[PDB]
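1. this is the structure alone, sequence omitted:
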């Protein structure tokens, strides 16, 4: 099923302005943690989230497994 | 600024059950087209969206530029 399937979502902000603040990730965080969870019925324990900034790119990696 | 920055979001469903129907993408579609657009103030003309299924993986690629 879709729930049993693997859902991977990666968000990259390339050349990120440090003078400004991403006002879109906070929403995506809810979108990936809360919203998608209800669709696949997978716990935040079974969901891996890793936000990491390399070079000038901020990468947010989602791995939802079941 | 964050708006001027490049936002790339890729959604992959690996080993996709064809007997079932993704009931999470429809929401993500609104999340990437409508919701994020308001945060970066970028038009759907300046946003590239490509959904393509290869092997058993359905990939949805987002490129928001400005």
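-> In hand now; what should we look at? Numbering: from 1, shown residues only, chains lettered A, B, ... in the order given.

2. now do the strands in chain A.
-> Along chain A, the stretches classed as strands by DSSP state E are A:6-14, A:47-54, A:57-64.

3. who are the contact partners of the residue of chain A most remote from its centre?
-> Distance from the centre of chain A peaks at residue A:19, with 22.8 Å (CA atoms, centre = their mean). The contact partners of residue A:19, by CB atoms under 8 Å, 6 or more residues apart in numbering or on different chains, come to residue B:1. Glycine gets a C-beta too; all of them are placed from N, C-alpha and C.

4. ok so, going back, for the strands of chain A, give me JSON lines that also has distance to chain B and mean neighbour count.
-> Converted to JSON lines, these look like this (distance: least, CB to the nearest CB, whole Å; neighbours: other CB atoms under 10 Å in any protein chain shown):
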{"stretch": "strand A:6-14", "distance to chain B": "4", "mean neighbour count": "19"}
{"stretch": "strand A:47-54", "distance to chain B": "13", "mean neighbour count": "12"}
{"stretch": "strand A:57-64", "distance to chain B": "9", "mean neighbour count": "18"}
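
5. to residue B:15, which of these lies closest?
-> Of all those, it is strand A:6-14 that lies closest to residue B:15, at 6.5 Å by CB to CB.
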